[PDB]
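First listed ligand is number 1; within each ligand, the first listed atom is number 1. Reckoned from all heavy atoms, side chains included, excluding hydrogens, waters and symmetry mates. Each chain gets a letter, A, B and so on, in the order the sequences are listed, and its residues count up from 1.
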There are 2 protein chains.
Amino acid sequence: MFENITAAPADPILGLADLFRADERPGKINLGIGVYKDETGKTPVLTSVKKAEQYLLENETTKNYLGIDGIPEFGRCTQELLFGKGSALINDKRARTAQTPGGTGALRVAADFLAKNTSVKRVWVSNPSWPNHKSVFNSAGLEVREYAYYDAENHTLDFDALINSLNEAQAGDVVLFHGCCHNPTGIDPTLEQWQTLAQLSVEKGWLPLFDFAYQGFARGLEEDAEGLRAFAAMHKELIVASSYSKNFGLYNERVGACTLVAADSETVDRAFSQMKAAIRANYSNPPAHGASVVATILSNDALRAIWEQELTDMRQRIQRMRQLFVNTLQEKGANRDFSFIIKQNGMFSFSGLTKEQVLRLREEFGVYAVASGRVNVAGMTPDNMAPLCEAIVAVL
Amino acid sequence: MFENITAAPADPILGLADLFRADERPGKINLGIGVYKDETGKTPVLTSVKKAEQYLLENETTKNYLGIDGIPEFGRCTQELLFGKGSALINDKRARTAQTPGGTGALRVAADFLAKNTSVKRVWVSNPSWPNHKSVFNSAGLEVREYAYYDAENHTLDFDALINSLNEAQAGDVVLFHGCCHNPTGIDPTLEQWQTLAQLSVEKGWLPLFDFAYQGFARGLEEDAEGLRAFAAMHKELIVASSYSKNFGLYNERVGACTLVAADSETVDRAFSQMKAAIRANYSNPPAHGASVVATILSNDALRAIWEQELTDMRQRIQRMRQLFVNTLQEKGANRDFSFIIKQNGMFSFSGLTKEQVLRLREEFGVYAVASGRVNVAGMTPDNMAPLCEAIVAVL
Ligand SMILES: *Cc1c(COP(=O)(O)O)cnc(C)c1O
Ligand SMILES: *Cc1c(COP(=O)(O)O)cnc(C)c1O
């Protein structure tokens with residue numbers, strides 16, 4: 001059976017972790033996977049999640065199976081964060097959410113469901129986007145088309161190329177939007193551009209799918225959700241795949257959400273019964289620990305106040321490193337004016353590095369970055385800033 | 001998009017939990033989902049898992065992403081439990097295992113992988129089997145055929161019907177076997193019948209897929225794995241989907257394994273690179289808490305010794321209830337000699353109840369059982385044995 005199975009290529013993000021964790025150079029620098037590192041190069045487990053964990057340890061009676069859609073407290077809290085505390089989709093019982101294993105598990109559940117219960121055939125993803133988007137959707141059986149997104153010469157969103165790309169997307173197609181902190185570019189729509197995108201979706205019939213993985217990482221929690229809420233106020237139907245991996249520091253526990261909205265309580269509940277069928281045929285019900293840590297912090301006034309201090313401290317430190325990377329690059333010899341990376345938000349800088357500059361940087365200098373040139377700014381600390389800036393300019 | 005989506009039917013096992021948890025009768029009895037209940041009707045979180053959890057709470061530094069295949073300690077321990085501590089598949093680096101979200105997540109990963117990397121088109125499942133088997137495999141794109149398994153008049157395995165069924169299964173097809181504690185019947189092959197099945201797989205070219213969810217629930221840990229080990233010693237290639245939901249009491253944390261074996265180290269490693277690609281396109285990497293609780297208990301001599309006392313106490317109590325159900329049924333009026341259910345092992349009694357006796361029992365008596373007649377013996381306690389036996393005979 002298995003003798004003509006060729007080896008798969010390594011994943012572009014996760015394969016980096018494979019090779020880093022084998023590199024014996026004392027001074028290697030990771031810059032690759034999207035994990036926050038603190039001042040000391042550690043990705044600590046947050047204190048609000050460690051306090052919630054103490055809680056769960058004392059106050060937990062059973063490990064008995066969670067329902068297919070998981071914890072309803074979780075589902076409620078997530079809807080509040082996404083849509084507003086007191087929103088109309090909440091109040092009209094228009095949204096329904098299932099707890100999934102990460103934003104990836106959410107994005108697959110959406111795909112499986114759309115593939116089996118819907119007429120949709122195409123999903124439109126930004127050029128460039130998170131590399132694994134293509135792979136989740138082709139796995140569902142859907143095909144992925146790309147719409148122009150980022151103008152490299154000026155280092156901006158190219159809103160006209162993005163409009164004109166999508167004008168050959170049909171009514172009935174999915175168009176995946178990045179909630180905030182675009183991966184890889186870090187460039188997001190202005191709210192004024194999001195409401196333009198929102199009425200254009202409506203006039204043209206595209207179903208929106210929001211990948212929301214970095215909420216709290218751009219401006220703030222609520223501020224970050226404005227584009228989705230400009231779209232939610234106009235769309236009768238949309239699906240959002242939420243992740244709590246990043247903003248809660250809960251990467252290996254796999255906590256995310258798939259929230260489905262339809263025109264009314266009945267339609268959404270009918271559609272969610274097929275989402276639950278898709279979840280039962282994949283993994284049967286969701287992993288509880290991650291999600292109940294989220295539900296506990298979001299449900300306690302005090303433990304919540306500790307968490308969003310921790311989240312703003314993470315958002316600030318990266319802003320300080322972003323500053324630092326472009327200053328230190330200037331005095332270290334940089335051929336270019338990298339003053340555009342200060343403009344991008346979230347954990348990542350999309351520099352203009354070529355695939356060969358990136359490959360050279362891991363082979364002689366051992367600083368690991370993704371082949372598109374995406375470097376993780378959250379991975380930069382004041383101790384590694386100088387050796388790294390030096391590596392970049394020697395390859396430049 | 002969502003207006004012609006018909007509602008899905010409820011899941012046969014999980015839908016029961018939906019209706020039970022709504023029933024306002026004081027005296028309802030669950031008997032449906034395969035969760036162990038203790039003397040008091042509680043599904044407690046085990047003490048060895050609560051001690052391991054204390055551990056993880058004090059000794060955990062990060063929540064940073066686990067690799068696609070999860071924890072390697074876990075992978076090693078699982079292989080030892082399945083194959084023997086000192087086995088040849090271990091020693092020839094022939095087996096590779098990925099940590100999955102439950103046995104369901106394992107069974108899907110196997111299906112996705114076989115569907116995309118293999119020539120296999122058909123999967124053969126026992127008549128009757130776990131209802132969700134059909135649903136996982138059709139979701140992968142595979143079709144499911146049934147092979148005769150249980151002779152209802154005599155209450156046994158019908159080994160000739162099982163041989164003759166499978167003689168119209170091709171070389172290249174998957175034949176799913178239940179490791180031990182067949183769900184629903186509780187009837188397993190004799191080892192003498194498993195080595196017959198093992199050489200017949202070989203002469204005929206079927207790929208074995210073992211669903212192993214109740215290890216430790218029939219005779220004992222190692223004893224239970226003999227059939228799989230009769231098959232592993234002869235098969236160049238096989239896949240096993242392991243679950244630690246049942247024997248560890250870790251149902252909602254979703255810990256299971258997909259272990260792939262091929263003829264040699266190279267072939268298995270080439271094939272596992274595609275399994276990892278299938279995992280990355282589904283959920284990205286596995287949930288850590290459940291699996292590291294397993295790895296901690298299996299790795300500590302003391303915490304391990306506490307766990308297998310807890311597991312044998314669970315296995316004994318069900319044996320006591322099994323006795324009890326057939327005694328109490330006899331003195332409570334039973335029309336039949338239910339002395340066959342004492343012969344079946346694992347958590348479940350497959351009684352001859354019809355779908356209408358089962359439906360009547362939930363509607364007037366509120367005792368909830370699956371529509372095939374499968375009742376969960378682990379759900380029976382000395383306080384509910386008499387009202388339940390009385391309900392059954394009034395419907396008989
Ligand atoms: C990090 C990330 C994901 C993955 O989320 P998990 O919750 O870790 O599965 C998905 N999409 C984007 C855009 C991401 O940046
Ligand atoms: C309980 C059970 C499963 C599910 O295992 P999880 O680990 O809970 O996903 C799968 N197959 C069989 C036969 C089972 O009894």
Could you check atom 4 (C) of ligand 2 against the protein and tell me its nearest heavy-atom contact, residue, atom and distance included? B:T104 OG1, 3.7 Å
State plainly whether the residues A:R315 and A:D224 are in salt-bridge range, i.e. N to O under 4.0 Å. no
Can you find an N/O atom of A:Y244 closer than 3.5 Å to an N/O atom of ligand 1? no
For A:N183 and ligand 1, does the shortest N/O to N/O distance drop below 3.5 Å? yes
Protein contact of atom 6 (P) of ligand 2 - nearest heavy atom, named by residue and atom, plus distance: B:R254 NH2, 3.0 Å
Does any N/O atom on B:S284 come nearer than 3.5 Å to any N/O atom on ligand 1? no
With respect to A:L107, determine whether any N or O atom, backbone or side chain, lies less than 3.5 Å from an N or O atom of ligand 1. no
Is there a heavy atom of A:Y65 sitting under 4.0 angstrom from any atom of ligand 2? yes
Could you tell me which atoms of ligand 1, counted from 1 in the order shown, lie closer than 4.0 angstrom to a heavy atom of A:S243? 5 (O), 6 (P), 7 (O)
Report yes if the distance between the aromatic ring centroids of A:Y150 and A:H182 is under 6.0 Å, otherwise no. no
Going by the order shown, which atoms of ligand 2 are within less than 4.0 Å of some heavy atom of B:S245? 6 (P), 7 (O), 8 (O)
Closest candidate by heavy atom, reference atom 13 (C) of ligand 2, pool B:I13, A:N285, B:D211: B:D211
Examine ligand 2 and decide if any of its atoms is less than 4.0 Å from a heavy atom belonging to B:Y214. yes
Protein residue, atom and distance nearest to atom 14 (C) of ligand 2, heavy-atom basis: B:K246 NZ, 2.9 Å
Side chains of A:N376 and A:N30, donor plus acceptor under 3.5 Å: no
Is the closest side-chain donor-acceptor distance between B:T78 and B:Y244 under 3.5 Å? yes
Any nitrogen or oxygen of A:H178, side chain or backbone, less than 3.5 Å from one on ligand 1? no
What are the atoms of ligand 2, with element, lying closer than 4.0 Å to any heavy atom of B:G102? 7 (O), 9 (O)
